[PDB]
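Start at 1 and go down the list; that is how both ligands and their atoms are numbered. Heavy-atom basis, side chains included; hydrogens, waters and symmetry copies ignored. Naming: A, B, ... by sequence-line order, numbering from 1 per chain.
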Amino acid sequence: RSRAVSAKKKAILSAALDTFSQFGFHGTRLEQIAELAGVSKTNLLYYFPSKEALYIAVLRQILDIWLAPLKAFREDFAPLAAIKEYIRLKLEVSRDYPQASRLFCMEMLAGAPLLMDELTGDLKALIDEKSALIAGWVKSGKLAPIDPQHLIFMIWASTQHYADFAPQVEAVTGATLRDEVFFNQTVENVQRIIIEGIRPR
Amino acid sequence: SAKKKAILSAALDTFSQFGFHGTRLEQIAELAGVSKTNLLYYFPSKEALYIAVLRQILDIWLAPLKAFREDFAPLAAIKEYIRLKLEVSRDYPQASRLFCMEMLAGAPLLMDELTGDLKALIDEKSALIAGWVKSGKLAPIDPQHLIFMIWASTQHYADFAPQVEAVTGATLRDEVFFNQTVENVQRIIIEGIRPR
Ligand SMILES: O=c1cc[nH]c(=O)[nH]1
Ligand SMILES: O=c1cc[nH]c(=O)[nH]1
């Protein structure tokens, strides 16, 4: 309900993200996050009672940003338009918050020791629901027959790649997503491949 | 050489678990059944050994793409590449994860391999695939992005295995799920690049 409280939380989460990125979970101290955020350590602990709780909150915030378009899917949407928009929003996040994408990737590489409950609970429940929705679209003949979970994974993988594998992308192409021309070429290619791959025939 | 393979295999398992800075050459030598002196004969530094491990997964990954020739059937060639890449994610997930960790770090040790030999290969094979596009044997796509989608989509199933399992109950070590994954990744990419 409180905007001032919400802003303070965001400031702490933003400092935590940037710190957990430069130094890792075990290397990060709460005193470093508080200092970067301009808050007392006691104020930080009021909101996030441990380093573990704060780290999980940073990762839940990235999931929130990433999943917002998919959560919004309704049976009523134009499927190919909705999926196009989803791919574009995902690439914008890789362009704008690459450090979040990398932190999430690092937690996955570690076997999701702190995030596993969020994956098996709330994420699984969401993907189950939207998979049924997408399957309805297939039944209706609005999409070619594909397994929805694999479509979803393809979208995640293809768009996150440009953040997580940025040094390789740059080595190969000379560009990153912060080059506006390259950004646009990327969107156009990822969208064409996925959309023409699921368009009904 | 059987010794060199033992050292590389021990190194992969150790690095992929503990990271570069956390790994000791004494641990790798012990696992490989060699002295640290004998290890250093083959690999004169931890950096050299790490780079060797990462060049080996590059070699395995790139073999199908290196084989591409102008006169191949393009959709068939790409379809086969996707399958072979998923076989690698099933069989060598630790190597995929180690390579991903090196990328997340900004490729501090691997960057020269990426800007040198990798770039040269991708330039040659991008020209080849662009010739296929020019000829109307593929849809109007940009080859580098098609290549990146293949790498991303196939490597995802190793690198993000915890999430794939949390969501689906499966991994690529489950035969039904592996077959399903190949079928679906192939269908999306191949139908997305088929000329219309
Ligand atoms: O967009 C998403 C959502 C969940 N997990 C991912 O890897 N990406
Ligand atoms: O298959 C490959 C080859 C190079 N780099 C990757 O990420 N994947």
Side-chain angles (χ1 to χ4, degrees), chain A residues 59-71 86-87 89-94 97 100-105 107-109 112 115-116 118-120 122-127 130 149 151-173, chain B residues 54-66 68 81-82 84-89 92 95-100 102-104 107 110-111 113-122 125 144 146-168:
Chain A
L59 292 176
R60 285 198 291 223
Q61 177 190 51
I62 314 160
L63 283 163
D64 285 342
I65 293 159
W66 279 335
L67 291 164
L70 180 61
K71 286 175 184 174
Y86 183 28
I87 293 167
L89 289 172
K90 285 283 285 156
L91 287 164
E92 290 173 8
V93 180
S94 291
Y97 300 106
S101 194
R102 296 187 324 254
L103 189 68
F104 190 90
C105 188
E107 171 66 15
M108 294 300 102
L109 300 176
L115 210 62
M116 187 62 76
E118 175 68 36
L119 309 177
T120 58
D122 283 352
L123 179 66
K124 181 182 198 311
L126 177 63
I127 304 310
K130 305 302 178 183
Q149 290 161 342
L151 167 59
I152 290 165
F153 297 155
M154 166 68 84
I155 296 162
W156 298 350
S158 71
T159 63
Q160 288 155 231
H161 185 82
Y162 288 89
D164 300 348
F165 285 71
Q168 187 171 250
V169 171
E170 188 178 21
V172 168
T173 70
Chain B
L54 291 174
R55 283 198 292 219
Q56 184 169 77
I57 194 61
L58 281 165
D59 283 343
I60 296 160
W61 278 338
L62 290 165
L65 179 63
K66 289 174 183 175
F68 276 24
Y81 180 31
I82 289 166
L84 293 170
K85 282 279 288 156
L86 285 162
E87 290 175 6
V88 180
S89 291
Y92 301 102
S96 190
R97 296 184 324 252
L98 184 66
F99 189 91
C100 187
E102 175 63 16
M103 290 307 105
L104 303 179
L110 207 63
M111 190 62 80
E113 301 296 323
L114 309 177
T115 61
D117 283 352
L118 181 66
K119 160 88 169 143
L121 175 66
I122 305 307
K125 308 300 179 182
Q144 294 157 329
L146 167 63
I147 290 164
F148 302 155
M149 285 192 70
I150 295 164
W151 294 355
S153 295
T154 64
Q155 292 155 227
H156 186 81
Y157 291 91
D159 302 345
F160 285 69
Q163 183 175 70
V164 166
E165 190 172 9
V167 168
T168 71

Requested in this report: Report the part of A/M108 (side chain from C-beta onward, or backbone N, CA, C, O) that has a heavy atom under 4.0 Å from ligand 1; answer both or neither where that applies.
Outcome: neither
Report summary line: Rounded to the nearest 0.5 angstrom, the CG-CG distance for A/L126 and A/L70 is 5.0 Å
Report task. With heavy atoms of A/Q160 as the reference, note each atom of ligand 1 found under 4.0 Å away. Result -> 1 (O), 2 (C), 6 (C), 7 (O), 8 (N)
Query raised in the report: Looking only at N/O atoms, are A/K90 and ligand 1 under 3.5 Å apart anywhere?
Result: yes
**Report entry** Chi angles and distances behind the side-chain contact (heavy atoms from CB on, under 4.5 Å) call for B/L114, B/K119
**Finding:** CA-CA 6 Å; B/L114 309 177; B/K119 160 88 169 143; over 6 Å; no
Query raised in the report: Taking non-hydrogen atoms only, is B/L62 closer than 4.0 angstrom to ligand 2 via side chain, backbone, both or neither?
Result: side chain
Requested in this report: Hey, could you give me the CD/CZ distance between A/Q168 and B/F99, rounded to the nearest 0.5 Å?
Outcome: 4.5 Å
**Report entry** Whether A/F165 and A/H161 hold their rings parallel, tilted or perpendicular, with breakpoints at 30° and 60°
**Finding:** parallel
Query raised in the report: Which ligand 1 atoms are under 4.0 Å away from a heavy-atom of A/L63?
Result: 4 (C)
Query raised in the report: Under 4.0 Å from ligand 2, counting heavy atoms only, is it the side chain of B/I150, its backbone, both or neither?
Result: neither
Requested in this report: Determine, for A/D122 against A/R60, whether the closest basic-nitrogen to carboxylate-oxygen distance falls under 4.0 angstrom.
Outcome: no
Query raised in the report: Polar-atom distance check: A/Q168 versus ligand 2, any N or O pair below 3.5 Å?
Result: yes
Report task. Starting at CG of B/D159, measure out to CG of B/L104 and round the result to the nearest 0.5 Å. Result -> 8.5 Å
